[PDB]
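Close look at the chain arrangement
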Amino acid sequence: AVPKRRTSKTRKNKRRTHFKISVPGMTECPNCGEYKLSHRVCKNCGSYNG
Amino acid sequence: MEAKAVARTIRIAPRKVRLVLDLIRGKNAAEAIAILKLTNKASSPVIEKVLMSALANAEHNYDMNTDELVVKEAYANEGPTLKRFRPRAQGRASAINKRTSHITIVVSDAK
Amino acid sequence: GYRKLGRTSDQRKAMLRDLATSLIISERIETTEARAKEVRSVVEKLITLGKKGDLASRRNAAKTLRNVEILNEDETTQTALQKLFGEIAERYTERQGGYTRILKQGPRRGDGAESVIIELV
Amino acid sequence: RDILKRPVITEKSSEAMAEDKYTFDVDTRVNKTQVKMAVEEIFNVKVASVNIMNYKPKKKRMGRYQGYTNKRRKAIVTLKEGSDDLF
Amino acid sequence: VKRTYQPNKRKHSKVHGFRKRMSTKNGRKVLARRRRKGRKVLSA
RNA sequence: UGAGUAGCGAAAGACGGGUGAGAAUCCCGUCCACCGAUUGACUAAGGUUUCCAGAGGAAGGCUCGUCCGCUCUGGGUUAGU
RNA sequence: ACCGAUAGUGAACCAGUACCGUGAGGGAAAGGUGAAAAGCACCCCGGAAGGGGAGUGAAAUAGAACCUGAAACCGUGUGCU
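About the cut-offs
- Residues numbered from 1 in each chain as written, not as in the entry; some residues may be left out.
- Chains lettered and ligands numbered in written order.
- Part of a larger assembly, values for the part shown.
- Heavy atoms only, no water.
- Residues with missing side-chain atoms left out of burial classes, pairs and counts.
- Patch = residues over 30% accessible without salt bridge, like charges linked within 9 Å, V, L, I, M, F, W, Y side chains within 5 Å.
- Areas by Shrake-Rupley, 256 points an atom, 1.4 Å probe, with all protein chains shown as cover.
- Salt bridge = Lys/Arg side-chain N within 4 Å of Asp/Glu carboxyl O.
- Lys, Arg positive; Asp, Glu negative; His and termini not counted.
- Charge placed at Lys NZ, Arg CZ, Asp CG, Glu CD.
- Helix = DSSP H or I, 4+ residues; strand = E, 2+ residues; numbered from the N terminus.
- Buried < 20%, exposed > 50% of the residue type's maximum accessible area, 1.4 Å probe, protein only.
- Disulfide = S-S within 2.5 Å.
- Near = heavy atom within 4 Å.
- Polar contact = N/O pair within 3.5 Å; in protein donor to acceptor, adjacent residues only side chain to side chain.
- Nonpolar A, V, L, I, M, F, W, Y, C, P; charged D, E, K, R; others polar.
- Contact = heavy atoms within 4.5 Å.
- Buried area = accessible area lost by both parts, 1.4 Å probe.
- Expected span 1.5 Å × (residues − 1).

1. Structural notes on a negative patch on the surface
Residues and elements named next belong to chain D. On the surface, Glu11, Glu15, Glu19 and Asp20 cluster together to form a negatively charged patch. Examined against the element boundaries, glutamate 11 turns out to sit in the loop between β1 (4-7) and β2 (22-26). With a relative accessible area of 59%, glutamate 11 lands in the exposed category.

Spelled out as structure tokens, the structure:
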């Protein structure tokens, strides 16, 4: 099926209310001192330290 | 005083870039450098450079210590696009767009 | 089975035979997350047999392992099956289960797939 | 007379040809019998055989204007005596 | 399927060649037009 | 605008070690799988430099690319039968 | 008391050409830095591309995608709702 009417700038900008990516949710490592992903290894130097 | 940096004619499309620019607009320098390094999107290795080189003008041309800086302006604009075609079924063709963007970051000491 | 790994039932069983064989000859590989949760259960069931050392035990292990030659021994070559009974089994006799450790790495370019590192303990 | 134009000094014409096999670049409307006479009058040697081959024009500069190079004719003389065809 | 154009070097020059068009009266008149328009090639 | 939507053109890959600013995709090694009156080896028409070596990564390649039938600089075809 | 780059010759721009067709045949698009190249030495971020300074110049928001630079369309901030 084809669209019957054009879509306005208003109705297009409401649809994308929810089209956004979220924060990666990271924490500082207690060696590197640099932000790392949770439950992963520090890329800068690898120390999981379970 | 504010130092700016531009990357003109990057090949990622503009409304793919805009998804990342939001996550950093308003954050702090060291926080912004870390978000662009732990995100899975494809515009991160390019946007990060434009930010790592706004901080090299914030200290070598002017004189500001790079710890107390915030990201004040971060937007992506349009660029000239490339025309391409892909042949479809039964002797017909359709166009393609290879879109381009300009990226811009301004860092400032809130003064 | 457990989970299908996105392959046909005959290719799925042919990959849990060649992945479980490199982990024995290398002892530290790097693969995808969902595969790793599948070779936790195939490897650690080859070690259990290797801790017996019967003849009916060896002739069950051989059904899985491939025939690869390990030439990095200082001089002689030792077949993989010889190295499951003669060396890996001796290292893990006191322990009861849990011969393997999994550590996540993060997303990987080109695919967004999750890397992991899985190592014999 | 002077049918020859210029020697050819490249790889494969430098060593495995170095010995009694000299490459010349000749006019595009001569036969091989004529080259067996011009080489003996210009250099005073004794020629064993001559081989010849022709090349087709190439496409030249992709950038800007497009065009063709020239066609050439490459000859190869083998000396039964003597040396010093080119230095 | 078997498309309509099956290339051939001998048959191209025996039908559309130069020595074909110079043989009949109506052919030398096709050269008189392509030459008056300024075409780059005369006889394809 | 439709919309970050349909599609990405029949088919088995896995790991280790290199190179690199950057690797599911490039190079080397082992194992596994597919064709085998053929997806193997020769030649006709036709195409007309697509062949090879060292460099290159804007465009083209339905993704990436350090790679290429793409780009730059030099090479390559020899007959008394 | 003709045109001024969608005009005037198809053609102010290597056009009867790029290309399209077995062939006869058809047939486009494309002008302007500055008075003068004086076409950005050197420094910094980056693999580069591209930028931020310093300089040339009367002017670089005149930097070769170069006078002026309208509308559709795409964004960033904000005063009332």
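2. Some remarks on the state of the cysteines
Residues and elements named next belong to chain A. Evaluated as defined, the whole model comprises one disulfide over all chains. The disulfide partner of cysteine 32 is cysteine 42, and the gap between their sulfur atoms is 2.0 Å. Linking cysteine 32 in the loop between β1 (26-28) and β2 (35-37) with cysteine 42 in the segment after β2, this pair joins segments that are ten residues apart in sequence. For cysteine 42, a relative accessible area of 5% puts it in the buried group. Take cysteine 29: it sits in no disulfide, and the sulfur closest to it among the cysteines is that of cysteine 32, at 3.4 Å. In this structure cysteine 45 is not part of a disulfide, and its nearest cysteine sulfur, from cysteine 32, lies 5.7 Å away. Looking at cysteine 45, the relative accessible area reads 46%, which means it is partly exposed.

3. Concerning the protein's contact with RNA strand F
The environment of RNA strand F is formed by 39 residues, the closest being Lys12(A), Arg15(A), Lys98(B), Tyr55(D) and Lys58(D). When the atoms of RNA strand F within 4 Å of the protein are grouped by moiety, sugar and phosphate amount to 67% of the total. Between RNA strand F and the protein, one listed contact pairs a phosphate oxygen with a side-chain N or O atom of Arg15(A) at 2.5 Å. Contact between RNA strand F and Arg108(C): a sugar or linking oxygen at 3.4 Å from a side-chain N or O atom of the residue. Among the elements of the structure, α1 (9-15) of chain A, α1 (14-24) and β3 (82-87) of chain B, α2 (19-26) and β1 (28-32) of chain C together with β3 (46-54) of chain D are those that each provide at least two residues to the surface near RNA strand F. Its residues assigned to classes, the surface near RNA strand F shows nine nonpolar, eight polar and 22 charged.

4. Details of the interface of chain C and chain A
Across the contact, five residues belong to chain C and four residues belong to chain A. For the pair chain C and chain A, the summed buried area comes to about 420 Å², and 59% of that belongs to carbon and sulfur atoms. For chain C, the biggest contributors to the area lost against chain A are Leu103(C), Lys104(C) and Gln105(C); these three give 77% of the whole. Our count for the chain C to chain A interface comes out at one salt bridge. Between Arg40(A) and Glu114(C) there is a salt bridge; the shortest N-O distance is 3.5 Å. On inspection of chain C and its partner chain A, the count reaches one residue pair in polar contact. Sorting elements by how many residues they give to the side of chain C that touches chain A places strand β4 (residues 100-107) of chain C first, with four residues.

5. Examining helix α5 (residues 80-91) of chain C
All names here are of chain C. With twelve residues, α5 extends 16 Å from end C-alpha to end C-alpha; this agrees with the ideal 16 Å at 1.5 Å per step. Buried residues of α5: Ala80, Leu81, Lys83, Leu84, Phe85, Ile88 and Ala89, and no others. Check the buried side of α5 and you find it contacts α2, α3 (33-50), α4 (55-61), β3 (78-79) and β5 (114-120).

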